[PDB]
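What follows is a short report on a single structure.
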Amino acid sequence: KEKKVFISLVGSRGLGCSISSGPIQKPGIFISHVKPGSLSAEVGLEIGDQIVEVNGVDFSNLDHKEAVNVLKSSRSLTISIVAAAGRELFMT
Amino acid sequence: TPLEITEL
């Protein structure tokens, strides 16, 4: 289920979420623990999820550093995440 | 081993 998420730094704080990289069977940008009150929680982010897009940039096979870079570059960017896209991997 | 993680 392709989910949509828009992160915008309206105040002066990050999004509130982390990201991890998957194995070789399914490499990509995953979502890690998130902090409450931040934008991440406001959008409905959490561990297991998997970002498959960010401001147009396909995160299907985007490098880990690339994900953090683009996310760090633009404070406010639209990120397309798909539920279970990462949970499958987490289930180790 | 656990996968790399980053804080945003």
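Every chain in the structure tokens has a letter given in the order shown (A, B, ...), and although residue numbers restart at 1 in each chain, ligands are simply numbered from 1 in the order shown.
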### Task
May I ask you to extract the residues of chain A within 7 Å of chain B, using only C-alpha atoms, and to give them as a PyMOL selection string?
chain A and resi 14-22
### Query
Please, which residues of chain A, numbered as in this document, come out alpha helix (DSSP H) from DSSP, as a list in words?
residues 39, 40, 41, 42, 43, 64, 65, 66, 67, 68, 69, 70, 71, 72, 73, 87, 88, 89 and 90 of chain A
### Message
Env of residue 49 (chain A): 6 Å cut, atoms = only C-alpha atoms, seq-sep filter 3 positions within chain, self excluded. Answer as a PyMOL selection string.
### Response
chain A and resi 30-31+83-86
Selection file, N, CA and C atoms, as a PDB file, in the first residue's frame:
```
ATOM      1  N   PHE A  30      14.974   2.397   4.732  1.00  0.00           N
ATOM      2  CA  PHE A  30      13.966   1.992   5.706  1.00  0.00           C
ATOM      3  C   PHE A  30      13.793   3.051   6.788  1.00  0.00           C
ATOM      4  N   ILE A  31      12.766   2.879   7.612  1.00  0.00           N
ATOM      5  CA  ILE A  31      12.483   3.816   8.690  1.00  0.00           C
ATOM      6  C   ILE A  31      12.822   3.206  10.048  1.00  0.00           C
ATOM      7  N   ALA A  83       3.985   1.234   3.388  1.00  0.00           N
ATOM      8  CA  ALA A  83       3.907   0.367   4.558  1.00  0.00           C
ATOM      9  C   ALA A  83       4.254  -1.078   4.208  1.00  0.00           C
ATOM     10  N   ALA A  84       5.033  -1.720   5.081  1.00  0.00           N
ATOM     11  CA  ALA A  84       5.446  -3.111   4.891  1.00  0.00           C
ATOM     12  C   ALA A  84       6.662  -3.232   3.972  1.00  0.00           C
ATOM     13  N   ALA A  85       6.951  -2.183   3.208  1.00  0.00           N
ATOM     14  CA  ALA A  85       8.095  -2.193   2.302  1.00  0.00           C
ATOM     15  C   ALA A  85       9.392  -2.457   3.063  1.00  0.00           C
ATOM     16  N   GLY A  86       9.374  -2.180   4.361  1.00  0.00           N
ATOM     17  CA  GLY A  86      10.546  -2.387   5.192  1.00  0.00           C
ATOM     18  C   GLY A  86      10.316  -3.423   6.276  1.00  0.00           C
TER      19      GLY A  86
END
```
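Across the structure, CA of residue 70 (chain A) and CA of residue 92 (chain A) are spaced 28.5 Å apart.
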### Task
Mind listing the strand (DSSP E) residues of chain A, per DSSP on the backbone, as a PyMOL selection string?
chain A and resi 2-7+17-21+29-34+50-54+57-58+77-82
### Query
In terms of the shortest atom-to-atom distance over only C-alpha atoms, which of A:7, A:90, A:53, A:67 is closest to residue 32 (chain A)?
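Closest residue, counting only C-alpha atoms: A:90.
Residues in contact with residue 58 (chain A) at up to 12 Å, not including ones fewer than 6 positions away on its chain and judged by only C-alpha atoms, are residues 28, 29, 50, 51, 52, 66, 67, 70, 78, 79, 80 and 81 of chain A.
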